[PDB]
Amino acid sequence: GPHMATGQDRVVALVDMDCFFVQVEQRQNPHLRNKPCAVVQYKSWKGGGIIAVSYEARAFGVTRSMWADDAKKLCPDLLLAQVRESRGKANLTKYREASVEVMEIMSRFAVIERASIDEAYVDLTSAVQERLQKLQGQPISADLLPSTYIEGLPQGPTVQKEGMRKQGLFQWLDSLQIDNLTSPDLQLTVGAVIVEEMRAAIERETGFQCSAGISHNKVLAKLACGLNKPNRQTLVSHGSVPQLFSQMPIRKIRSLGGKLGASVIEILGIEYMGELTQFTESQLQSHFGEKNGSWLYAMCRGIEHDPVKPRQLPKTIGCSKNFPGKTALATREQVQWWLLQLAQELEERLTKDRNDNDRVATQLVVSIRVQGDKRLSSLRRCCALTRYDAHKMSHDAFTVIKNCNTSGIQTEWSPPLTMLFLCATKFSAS
DNA sequence: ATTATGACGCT
DNA sequence: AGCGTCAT
Ligand SMILES: Nc1ncnc2c1ncn2[C@H]1C[C@H](O)[C@@H](COP(=O)(O)OP(=O)(O)OP(=O)(O)O)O1
Ligand SMILES: [Ca+2]
Ligand code: NA
């Protein structure tokens, strides 16, 4: 009734760059603009592995994880850009620097949480209140929302995409009560106005287009963002949730894309998020645990409380390389040479991080995989990181893993290593 | 022979 | 601490 919280206290946005690594390469090389193209890493094995795909190329069926040779079979005119290689490995520096460009722009509007190399959540609650004051009861015109979709509209009693978008926007704006500064729907709408401005600034100042979701929490904001891509933003209101969720497969919701989500489906015998509402909180907790159960009970009603954390910088800085099939490392000299290569890239990134961000990492984590293990990581060990020195770091990494060597022979390594990983963690101010 | 990352939960 | 899950 009157005491039933509806999770409508906040305005949250999720901004996500469209086909990000592709746009980085297209900005740099105009010849790739408005073409079917993809970004690939390595080239020798089947033309390289695809990691990003332009919307033009997606129309031909090109996807991430596809080998470039296979992609070319779907799209013979596909253009490719290669990830830079340094010290024998893929080097993602260019995309990390492009990411900083975008994060710094977003930070002018509001506190952001960096969720990945190319996306950030934004808590717009306070910014919305401020904009609501400036407006002073004055209505919101559709002209302020030129790329916004209202999920669930139009509805009730044109055959083109932009026409439908506008019809829905009009129905929404027609319904708004702008006299009430505390209407959640009004708050979301002002949120969307601000996000239009954020997205315009990003495109103006970097050249990169993006999509966005605006809702009352991170999970709905993320879901919304994906509903109309590319180059559009979507508002998902509290009211839209029952219909949206009624046919939404459980796996589409962030965190339910894996084993937990499969267990929800299997154990409860359901398919869609909306079907969760018929279980009690205790019932959900009995199957999925206390935390997951409470989260599910609220989430299926469109309610989630996870905060947008004030964090614009990554918490760890890591360097990793696979050594698949035949290229697995089988000699001590091999293992030491590759630890040094990884340690050298890591040193370079850490030193840059220390100058830019006024902090120093204090722990080095070392992880390997051995041939045979289905798991991505076989063994992880940490040691002290006391100096930004590649030789020391690689020497230390070797010391903490050297006992993994089954080989009776000193020089040989067995079983061969199929992955190496160095990660700097536990930052302190400096 | 996807690969290179990165956050957070469990015990 | 070391491992697993989920994500981009
Ligand atoms: N599995 C992966 N392996 C390596 N790099 C990845 C992987 N997934 C994503 N990336 C990189 C390349 C992407 O351009 C970038 C952002 O990822 P993501 O947001 O999932 O897709 P995207 O930006 O390429 O397309 P979209 O327009 O659908 O968001 O991070
Ligand atoms: Ca993206
Ligand atoms: Na993303």
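Every chain is numbered from 1, with letters handed out A, B, ... down the list of sequences.
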Checklist outcome for this item: Note: for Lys46(A) and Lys89(A) on DNA chain B, the residue whose nearest nucleotide lies more 5' is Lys46(A)
Next on the checklist: Just the rounded figure in Å: distance from P of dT3(B) to CG of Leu420(A).
Outcome noted: 14 Å
Checklist entry - Taking the six-membered ring for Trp, is the centroid-to-centroid distance between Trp338(A) and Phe323(A) below 6.0 Å? => result yes
Checklist entry - For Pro307(A), which residues count as a side-chain contact (heavy atoms from CB on, under 4.5 Å) partner, sequence neighbours excluded? => result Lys309(A)
Checklist entry - With the threshold set at 4.0 Å, does a side-chain nitrogen-carboxylate oxygen contact exist between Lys94(A) and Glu97(A)? => result no
Checklist entry - Taking 4.0 angstrom as the limit, do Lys218(A) and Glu113(A) come out as a salt bridge? => result yes
Checklist entry - Less than 4.0 Å between a side-chain N and a carboxylate O, is that true for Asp69(A) and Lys72(A)? => result no
Checklist entry - How close or far is atom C1' of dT3(B) from atom CZ of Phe21(A), stated in whole angstroms? => result 11 Å
Checklist entry - Does any residue of residues 297-308 of chain A have a heavy atom under 4.0 Å from DNA chain B, and if so, which ones, in number order? => result none
Next on the checklist: Check the orientation of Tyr95(A) and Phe21(A). Use parallel for under 30°, tilted for 30 to 60°, and perpendicular for over 60°.
Outcome noted: parallel
Next on the checklist: Check this for me, if you would: do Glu197(A) and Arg131(A) make a salt bridge, where the nitrogen-to-carboxylate-oxygen distance has to be below 4.0 angstrom?
Outcome noted: yes
Checklist entry - Rounded to whole angstroms, how far apart are CG on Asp373(A) and P on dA1(B)? => result 13 Å
Checklist entry - Over how many whole Å does the gap from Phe421(A) atom CZ to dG6(B) atom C1' extend? => result 8 Å
Next on the checklist: What's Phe20(A) touching, base or sugar-phosphate or nothing? Going by heavy atoms closer than 4.0 Å.
Outcome noted: nothing
Checklist outcome for this item: Whole-Å distance, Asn91(A) CG to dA4(B) P, equals 12 Å
Item to check | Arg58(A) NZ/CZ over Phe60(A) ring centroid, <6.0 Å and within 45° of normal | outcome: no
Checklist outcome for this item: The contact string for nucleotides 1-8 of chain C, one letter per nucleotide 5' to 3', using protein heavy atoms under 4.0 Å with B, S and - for base, sugar-phosphate only and none, comes out as -BSSSSSS
Item to check | Evaluation steps, salt bridge (charged side-chain N to carboxylate O under 4.0 Å, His left out), between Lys229(A) and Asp18(A) | outcome: CA-CA 8 Å; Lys229(A) 265 199 164 263; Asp18(A) 298 332; 2.7 Å; yes
Next on the checklist: So, does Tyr42(A) get its side chain near the phosphate of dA4(B), meaning an N or O under 4.0 Å from OP1 or OP2?
Outcome noted: yes
Checklist entry - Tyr272(A): what forms a side-chain hydrogen bond (donor to acceptor under 3.5 Å, both in side chains) with it, not counting sequence neighbours? => result none
Item to check | Short N-O contact, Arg359(A) and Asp353(A), less than 4.0 angstrom | outcome: yes
Next on the checklist: If you define the side chain from C-beta out and look only at heavy atoms, does anything of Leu188(A) sit under 4.5 Å from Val236(A)?
Outcome noted: no
Checklist entry - Would you call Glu345(A)-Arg349(A) a salt bridge at under 4.0 Å N-O? => result yes
Checklist entry - Heavy-atom contacts under 4.0 Å between residues 286-295 of chain A and DNA chain B, which residues? => result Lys291(A)
Item to check | Whole-Å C1' distance, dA7(C) and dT2(B) | outcome: 16 Å
Item to check | Contacting residues from residues 309-337 of chain A, given that a heavy atom lies under 4.0 angstrom of DNA chain B | outcome: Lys309(A), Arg311(A), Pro314(A), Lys315(A), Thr316(A), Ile317(A), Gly318(A), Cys319(A), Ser320(A), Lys321(A), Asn322(A), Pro324(A), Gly325(A), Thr327(A)
Checklist entry - Between atom CD in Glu85(A) and atom P in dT3(B), what is the gap in whole Å? => result 14 Å
Item to check | Euclidean distance, atom CZ of residue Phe427(A) to atom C1' of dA7(B) [Å, nearest integer] | outcome: 14 Å
Checklist entry - Side-chain donor-acceptor pair under 3.5 Å between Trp413(A) and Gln334(A), yes or no? => result no
Checklist entry - If each of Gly49(A) and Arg114(A) is mapped to the nucleotide of DNA chain B with the nearest heavy atom, which maps nearer the 5' terminus, i.e. the 5' end? => result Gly49(A)
Next on the checklist: Rounding to an integer number of Å, can you tell me how far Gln341(A) CD sits from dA4(B) P?
Outcome noted: 14 Å
